[PDB]
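Notes for the one structure printed next.
Residue numbers (PDB author numbering), protein chains in the order written: chain L, 1 to 216; chain H, 1 to 216.
Structure (structure tokens):
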């Protein structure tokens, strides 16, 4: 019933720069000695949430000084002095003043770092899959920034469209990079009517496109 | 030490019921009450209920009253969450949380409410070659094709190989089935000396595979 609302819902923040997330309630503060029961959680990639701030401003154990909590009644803030690469994740405000316990939507904190061009690698179909009647060609893009990249598939000089599936990993906590996978999927029949298979990669870190190909 | 371990992911048909486990360890079970919170895709985390692990006394959310049953096994230090009349909106990741300092949250249990047939994945190697090698680094991986439902946990050399590992988020195909790839950057010198195995586990289907990815 108490509806909590987090203002920036996605927040890209440069390494060393400050970050803020807002939470708007409907007056948190129990009758008992005026304690406001607003807590902040951090859900890191491949991890369950971890409480950072409790009781508006109180840091939980092992929480860095850079994390700060503020607010009164209906408007609350989570402020990060200077963002570190390990701060990538979703942040939820949660109230425990009155039951039911309610949460904010979440705020994905992205990191802005310097441009890194990806390493391209191409994988021809496995013979095991070719025995099962289908052929998948995978084009790997590794440890690049920004997330924005373009993979064109060219089968015997014909540009493919639609018959590809891209997939990007969450941002790395260690170095703030991304890795992307592009899978072009053909049938053993279509795959054997052609010879040249190439994935052309275009990115901010590249002065010219990187084409990586193979023949059967 | 102080941890909460949850049961594996379950696919259930609409109308049916799900029972989730949550084993306590590194503290006295009865000493601390448990909380249950689910997160539906692109929705706020929602609080379902609370249970006193000591005396079995419960408190539910109006939405979850007469649909949720919170029971126990104190000798097993396991708390249970039973959700009946499974609707399509109940496809969420379910979390058990210890009350005190809202820590620790359990790893979560993904429950998929669907009419579709469960399908175990087929594991194919992303084998290394000259076409997937840049400056004394080879790329290799597994292609975990056509499975239903989510999730699929992927690891390398029984979780002893972590550096260079990029397990991509799954992608839903035209067939309403999922695909995933897991990649790893290894030195070219280790191919033919070190074995690289990728351990794929799909608990809803009860499929576990160890796939040796060799150069060709």
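Idealized CB from N, CA, C, for every residue including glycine.
May I ask you to list the residues that DSSP assigns as paired with residue i?
i, result
"residue 94 of chain L", "L:39 and L:103"
"residue 12 of chain L", "L:110"
"residue 217 of chain L", "Outside the displayed range of chain L (1 to 216) lies residue 217 of chain L, so it cannot be described from this structure."
"residue 92 of chain H", "H:111"
"residue 10 of chain H", "H:111"
"residue 5 of chain L", "L:24"
"residue 87 of chain L", "DSSP lists no partner for residue 87 of chain L."
"residue 74 of chain H", "Answer is none; residue 74 of chain H lacks a bridge partner."
"residue 211 of chain L", "L:200"
"residue 19 of chain H", "H:82"
"residue 72 of chain L", "L:75"
"residue 194 of chain H", "H:191"
"residue 209 of chain H", "H:200"
"residue 98 of chain H", "H:34"
Taking the straight line between their C-alpha atoms, what separation do you get for residue i and residue j?
i, j, result
"residue 5 of chain L", "residue 165 of chain L", "34 angstroms"
"residue 189 of chain L", "residue 126 of chain L", "15 angstroms"
"residue 87 of chain H", "residue 186 of chain H", "45 angstroms"
"residue 97 of chain L", "residue 1 of chain L", "12 angstroms"
"residue 129 of chain L", "residue 186 of chain L", "11 angstroms"
"residue 115 of chain L", "residue 172 of chain L", "14 angstroms"
"residue 105 of chain L", "residue 3 of chain L", "10 angstroms"
"residue 211 of chain H", "residue 204 of chain L", "36 angstroms"
"residue 63 of chain H", "residue 169 of chain L", "35 angstroms"
"residue 33 of chain L", "residue 3 of chain H", "33 angstroms"
"residue 29 of chain H", "residue 199 of chain L", "55 angstroms"
"residue 172 of chain H", "residue 120 of chain H", "15 angstroms"
"residue 155 of chain H", "residue 103 of chain H", "27 angstroms"
"residue 191 of chain H", "residue 136 of chain H", "11 angstroms"
"residue 38 of chain H", "residue 153 of chain H", "20 angstroms"
"residue 40 of chain H", "residue 151 of chain H", "15 angstroms"
"residue 224 of chain L", "residue 61 of chain L", "The requested residue 224 of chain L is not part of the displayed model; chain L covers only 1 to 216."
"residue 136 of chain L", "residue 193 of chain L", "15 angstroms"
"residue 61 of chain H", "residue 214 of chain L", "58 angstroms"
"residue 196 of chain H", "residue 30 of chain L", "57 angstroms"
"residue 215 of chain H", "residue 170 of chain H", "25 angstroms"
"residue 159 of chain L", "residue 184 of chain H", "28 angstroms"
"residue 77 of chain L", "residue 26 of chain L", "15 angstroms"
"residue 98 of chain H", "residue 32 of chain H", "7 angstroms"
"residue 24 of chain L", "residue 7 of chain L", "8 angstroms"
"residue 54 of chain L", "residue 37 of chain L", "7 angstroms"
"residue 56 of chain H", "residue 73 of chain H", "10 angstroms"
"residue 151 of chain L", "residue 115 of chain H", "35 angstroms"
"residue 145 of chain H", "residue 176 of chain H", "12 angstroms"
Find the nearest neighbour of residue i within the set the options, judged by alpha-carbon distance.
i, options, result
"residue 58 of chain H", "H:29, H:40 and H:36", "H:36"
"residue 95 of chain L", "H:46, H:153 and H:93", "H:46"
"residue 149 of chain H", "H:135, H:109 and H:125", "H:109"
"residue 157 of chain L", "L:131, L:117 and L:196", "L:196"
"residue 92 of chain L", "L:69, L:168 and L:86", "L:69"
"residue 65 of chain H", "H:84, H:137, H:166 and H:208", "H:84"
"residue 209 of chain L", "L:215, L:201 and L:134", "L:201"
"residue 148 of chain L", "L:31, L:181 and L:211", "L:181"
"residue 194 of chain H", "H:14, H:161 and H:151", "H:161"
"residue 143 of chain H", "H:134, H:132, H:15 and H:168", "H:168"
"residue 67 of chain L", "L:87, L:119 and L:176", "L:87"
"residue 93 of chain H", "H:99, H:164 and H:106", "H:106"
"residue 34 of chain H", "H:44, H:23, H:175 and H:42", "H:23"
"residue 206 of chain L", "L:57, L:117, L:38 and L:27", "L:117"
"residue 119 of chain L", "L:133, L:23, L:25 and L:211", "L:211"
"residue 100 of chain H", "H:53, H:176, H:20 and H:200", "H:53"
"residue 68 of chain H", "H:25, H:20 and H:44", "H:20"
"residue 49 of chain L", "L:89, L:57, L:59 and L:113", "L:89"
"residue 174 of chain L", "H:164, H:5 and H:146", "H:164"
"residue 140 of chain H", "H:175, H:213, H:91 and H:208", "H:213"
"residue 50 of chain H", "L:99, L:131, L:184 and L:145", "L:99"
"residue 122 of chain H", "H:75, H:199 and H:133", "H:199"
Is the segment 69-78 of chain L close to the segment 77-85 of chain H, with three or more CB pairs under 8 angstroms?
No, because fewer than three Cβ pairs between the segment 69-78 of chain L and the segment 77-85 of chain H fall closer than 8 angstroms, the two stretches do not touch.
I want to know whether the segment 107-127 of chain L touches the segment 6-15 of chain L - three or more CB-CB distances under 8 angstroms.
Yes, the segment 107-127 of chain L is in contact with the segment 6-15 of chain L.
Which ranges would you report for the beta strand (DSSP E) in the segment 22-69 of chain H if only whole runs of at least 3 residues count?
Listed in chain order, they are 22-25, 34-39, 45-51 and 58-60.
Contained beta strand (DSSP E) runs [length at least 3] in the segment 116-164 of chain L, N- to C-terminal order:
119-123, 134-144 and 149-155, all fully within the segment 116-164 of chain L.
Can you list the beta strand (DSSP E) stretches of 3 or more residues lying completely in the segment 111-154 of chain H, in chain order?
Here the runs fully enclosed are 122-126 and 138-147.
Could you tell me which uninterrupted alpha helix (DSSP H) segments, each at least 4 residues in length, are contained entirely in the segment 161-202 of chain L, listed from first to last along the chain?
Qualifying alpha helix (DSSP H) stretches, in chain order: 188-192.
Specify whether the segment 2-20 of chain H and the segment 111-126 of chain H touch according to this definition: at least 3 beta carbon pairs, one from each stretch, less than 8 angstroms apart.
Segments in contact, yes.
For the segment 161-189 of chain H, which segments carrying the beta strand (DSSP E) assignment without a break, of at least 3 residues, lie completely within its bounds, in sequence order?
For the segment 161-189 of chain H, whole beta strand (DSSP E) runs of length 3 or above, ordered along the chain, are 178-186.
Using 8 angstroms as the threshold, is the segment 35-45 of chain L in touch with the segment 139-149 of chain L, meaning 3 or more CB pairs across them?
The count of Cβ pairs closer than 8 angstroms, one atom from the segment 35-45 of chain L and one from the segment 139-149 of chain L, stays below three, leaving the stretches out of contact.
Examine the Cβ distances between the segment 81-94 of chain L and the segment 16-30 of chain L and report whether three or more of them are shorter than 8 angstroms.
Yes: the two stretches touch, three or more of their Cβ pairs being nearer than 8 angstroms.
So within the segment 16-70 of chain L, which uninterrupted beta strand (DSSP E) runs reach at least 3 residues, ignoring any that extend past its ends?
With a minimum length of 3 residues, the continuous beta strand (DSSP E) runs that stay inside the segment 16-70 of chain L are 19-24, 38-43 and 50-54.
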